[PDB]
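Note sheet for the following structure.
Order of the sequence lines sets the chain letters (A, B, ...), proteins ahead of strands, with each chain counted from 1. FYI, side chains are in, hydrogens and waters are out, and symmetry mates aren't considered; it's all heavy atoms of this structure.
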Amino acid sequence: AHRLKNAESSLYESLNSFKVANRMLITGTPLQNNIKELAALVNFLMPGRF
DNA sequence: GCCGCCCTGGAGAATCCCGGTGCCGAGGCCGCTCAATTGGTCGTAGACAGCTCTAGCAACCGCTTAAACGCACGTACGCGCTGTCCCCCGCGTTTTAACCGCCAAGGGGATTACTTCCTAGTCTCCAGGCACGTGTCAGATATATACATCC
C-alpha cells in the first residue's frame with residue numbers, strides 16, 4: 001500500500017471511487033518520507049475522521 | 001396379479017416494463033472589480049482656399065530603321081513502344097521501445113506587491129551640417145609648326 005502513498009496518483013483516484021464496504025491496506029512501510037503519506041493512507045481507509 | 005413405459009396438466013422461476021431516486025453537464029445567479037463610459041477642456045491635424053510651376057494626355061504629324069512577321073525547309077527531339085532487371089512492396093515473425101504510471105528533490109519562471117533611481121521625454125536656445133550655387137584650377141585632348149628622311 002506504499003504505492004498508494006500519493007493521493008494525487010491515478011491508482012488512488014481509481015481505488016477510492018470503488019463501492020467497497022470494508023477496505024484494508026497491507027504494507028511494511030506505512031510512513032516513508034513524511035506525514036502526508038500516512039495521511040493519504042488513513043484518508044484512503046477512513047475519509048474524514050482523521 | 002405385479003411391474004415397467006408413454007401421454008398430458010398446473011405450479012415455480014426468468015424477463016420486460018414502469019416508477020422513484022441519485023449523479024454528470026450546463027445554465028442562471030451572485031459577488032468582485034477593473035476597464036469601458038460619460039462629461040468637460042483644450043490643442044492641433046487636417047480640411048479648405050490660393051498661387052506657381054511642371055508633368056501627363058488626347059489626337060494628330062513626319063522620319064528612320066530595326067524589330068516583327070510570314071514562309072519554306074530540315075532535322076532534332078518529344079513521344080510511344082518494348083524489354084529487362086531490380087528494387088520496393090506485401091506479409092509473416094520477432095524484438096523493442098514508446099507510452100503510461102511512478103518516485104525524489106530542486107531550480108526556473110509566472111504572478112502579486114513594493115521600493116527606488118536612472119534615464120528618456122520635453123522644452124528652450126543656438127550653431128553647424130546639409131543642400132544648393134558658383135569661381136577657379138589642374139589633367140586630358142586636339143592641332144600648329146619645325147626637323148629627318150625616301151623617291
Side-chain angles (χ1 to χ4, degrees), chain A residues 1-25 27-50:
Chain A
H2 57 265
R3 167 85 161 85
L4 272 184
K5 92 194 164 58
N6 189 17
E8 287 288 276
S9 60
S10 307
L11 177 79
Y12 201 90
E13 303 169 354
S14 290
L15 279 188
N16 204 4
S17 85
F18 271 28
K19 306 192 293 289
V20 194
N22 282 123
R23 304 172 162 188
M24 183 177 176
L25 297 184
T27 175
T29 68
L31 191 147
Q32 303 211 125
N33 294 279
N34 53 4
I35 317 294
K36 192 178 179 181
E37 296 162 349
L38 191 54
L41 265 69
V42 303
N43 284 310
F44 187 78
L45 285 193
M46 295 299 291
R49 80 168 274 175
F50 285 116

Do me a favour and sort the pucker of [N] into north or south by its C1'-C2'-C3'-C4' torsion.
{"N": "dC60(B)", "result": "north"}
{"N": "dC100(B)", "result": "south"}
{"N": "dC6(B)", "result": "south"}
{"N": "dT124(B)", "result": "south"}

Using whole Å, report how far [atom1] of [X] lies from [atom2] of [N].
{"X": "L4(A)", "N": "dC103(B)", "atom1": "CG", "atom2": "P", "result": "10 Å"}
{"X": "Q32(A)", "N": "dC102(B)", "atom1": "CD", "atom2": "P", "result": "15 Å"}
{"X": "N6(A)", "N": "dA105(B)", "atom1": "CG", "atom2": "P", "result": "12 Å"}
{"X": "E8(A)", "N": "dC100(B)", "atom1": "CD", "atom2": "P", "result": "19 Å"}
{"X": "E37(A)", "N": "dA104(B)", "atom1": "CD", "atom2": "P", "result": "7 Å"}
{"X": "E13(A)", "N": "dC102(B)", "atom1": "CD", "atom2": "P", "result": "9 Å"}
{"X": "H2(A)", "N": "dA104(B)", "atom1": "NE2", "atom2": "P", "result": "10 Å"}
{"X": "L11(A)", "N": "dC100(B)", "atom1": "CG", "atom2": "P", "result": "18 Å"}

* From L41(A) atom CG to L4(A) atom CG, the distance as rounded to the nearest 0.5 Å ->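 With rounding to 0.5 Å, CG (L41(A)) is 6.5 Å from CG (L4(A)).
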* Stepwise side-chain contact (heavy atoms from CB on, under 4.5 Å) test for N43(A) and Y12(A) -> CA-CA 10 Å; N43(A) 284 310; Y12(A) 201 90; 3.8 Å; yes
* Asked: Would the number of heavy atoms belonging to other residues, nucleotides or ligands and lying under 6.0 Å from CD of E8(A) be above 12?
  ->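 Incorrect, the count does not exceed 12.
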* **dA104(B) versus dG28(B) - spacing of their P atoms, nearest Å** =>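 My reading of the P atoms in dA104(B) and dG28(B) gives 48 Å.
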* **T27(A) side chain near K5(A) side chain, heavy-atom distance below 4.5 Å** =>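 No, every pair of side-chain atoms sits at 4.5 Å or beyond.
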* Do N16(A) and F44(A) come within less than 4.5 Å of each other through their side chains, counting heavy atoms only? ->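 A side-chain contact under 4.5 Å exists here.
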Look at the side-chain N and O atoms of [X] and state whether any lies under 4.0 Å from the OP1 or OP2 oxygen of [N].
{"X": "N33(A)", "N": "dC103(B)", "answer": "no"}
{"X": "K5(A)", "N": "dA104(B)", "answer": "yes"}
{"X": "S10(A)", "N": "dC102(B)", "answer": "yes"}

